[PDB]
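Here you'll find one protein chain in two forms, each presented separately as structure tokens under the names structure 1 and structure 2.
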Structure 1
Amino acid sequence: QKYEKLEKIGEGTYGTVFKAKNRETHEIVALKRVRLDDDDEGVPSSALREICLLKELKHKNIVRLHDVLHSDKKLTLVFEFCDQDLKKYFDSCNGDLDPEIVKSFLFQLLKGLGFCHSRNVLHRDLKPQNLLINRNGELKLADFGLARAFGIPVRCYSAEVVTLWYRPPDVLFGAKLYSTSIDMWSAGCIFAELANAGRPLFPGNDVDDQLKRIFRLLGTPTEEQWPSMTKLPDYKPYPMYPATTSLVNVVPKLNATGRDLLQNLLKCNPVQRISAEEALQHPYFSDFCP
């Protein structure tokens, strides 16, 4: 009634997403339609959490939740409209980005991510499809379906968080607790995609393949680097892969400065993972940087 549907953007378990027009104001929004009529599936559960979090996360680099409508047997979340995701951008441009666009997107990602962490929210679902891209070059962190607030002492979170290709080694080893460090690993993976052909850095088939592919590139952490590693619930011995494997051929768009940031984001031991705040002060983001 209040919104005219224009065309569907995407559809999954999460719900159907339309481009839409406000009938009153004629402004172009994005509608996520969430069906409530199936009373033995918990899709609403996630939608309500996404609403609680985005109502307290206002920042030009986080998708803006305008309004929530309850009508028919559906929830409708009204989002600002974006041109594409980073997934369709990689497809659009032969996965081959300008080093300044690479630098621009990572910056906007870390601002929106450092904002989340400061507001005590973990995203826990970073991937290109959850990065909304406008034509003017603006990037927004979207999809807080799997996000949760932290601070209250817990036994553990879920280990069944973050899609396999973007999940950090501590979580693959079944870590009970994890901090803001979880999103900083995903940020590293996305950064490597931007800096090559938009292709996933660690595309594993299972948990085992995932940990093998990470240690093969970055090297298997030692007891010096990561003492608690061998005490983690789903820890099993991996080959000692060397720490000498070059990053130059994996991210050939990056100068040594870019590559140094990448290595601070992709430390296996979550405690040593550079934060969003610390990352934004990195030389890679100076106007000095070559």
Structure 2
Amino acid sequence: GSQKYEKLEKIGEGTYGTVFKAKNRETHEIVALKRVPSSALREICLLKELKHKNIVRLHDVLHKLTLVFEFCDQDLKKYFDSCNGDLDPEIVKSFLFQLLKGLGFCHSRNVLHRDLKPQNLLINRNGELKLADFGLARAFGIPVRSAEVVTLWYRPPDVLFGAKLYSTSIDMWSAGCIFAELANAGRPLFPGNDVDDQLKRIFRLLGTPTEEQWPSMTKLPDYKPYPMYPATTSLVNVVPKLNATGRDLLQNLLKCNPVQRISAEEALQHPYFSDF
């Protein structure tokens, strides 16, 4: 059963516990093991139905509850640490393409991830990217239980303003943040100190949304009127290594109003991926 696996090292933290690199004692296969709740039950329920090359594979469940996953050598945070500077623009494109393919697959099946960040993206030695950690995910946008939301830096303006409900638009904002991070050698786009600082960094770059751009903004549970910062002329200053077509895609992912954010399917059709 559980003792069939030898724990090798602690590799992470999920939404509900610790992740270990482990070895199957009978076969010597290397796996990622999560030992432990609603987050575990939800992850099993979703992953039994979400099979895609850009989604982490759930191999087995042992009953203590043990979840046996596919092993990847790094998460994107570790990948960035090892890159220690600019990523090759082709790797930037490949990793974004794969992330959007995985997200596209989820969204077409009415699943939003809700916890998209570099620690939840796995990178294997063949340059393949996988989405992991579906413990906060929602099916049909239905809340399962909770204040539990994605870490501050990847939170969209609607969520920062207290929206409790959202569509797959939540993941497209996080994808835009990760795209800027990929293009910037792992440097975060909006590394806010708290909610107020997060909203200020977002609006200072993109501009504070007008009534015309976002009519319902004023109705949000935690809405606060911010200074009307102008929309920065170009993203060339924040993503210097990203070409003009890349920056156009980035702008379409980073719309403050959730309804205006490009979908994963539309992003995959963007000219950025022309020669791919």
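Here, residue number means position along structure 1's sequence, counting from 1. Each form is matched to the other, and the largest set of C-alpha atoms that superpose within 1.5 Å is called the rigid core.
Put the two forms on the same core and the Cα of residue 16 is off by 2 Å or more between structure 1 and structure 2. Superposed on the core, the two forms differ at residue 27: its CA moves 2 Å or more between structure 1 and structure 2. Annotation: Cα of residue 255 displaced by less than 2 Å between structure 1 and structure 2, core superposition. When the core is overlaid, the C-alpha of residue 197 ends up 2.5 Å from its other position between structure 1 and structure 2.
With the core fitted, the CA of residue 209 sits 0.5 Å away from its counterpart between structure 1 and structure 2.
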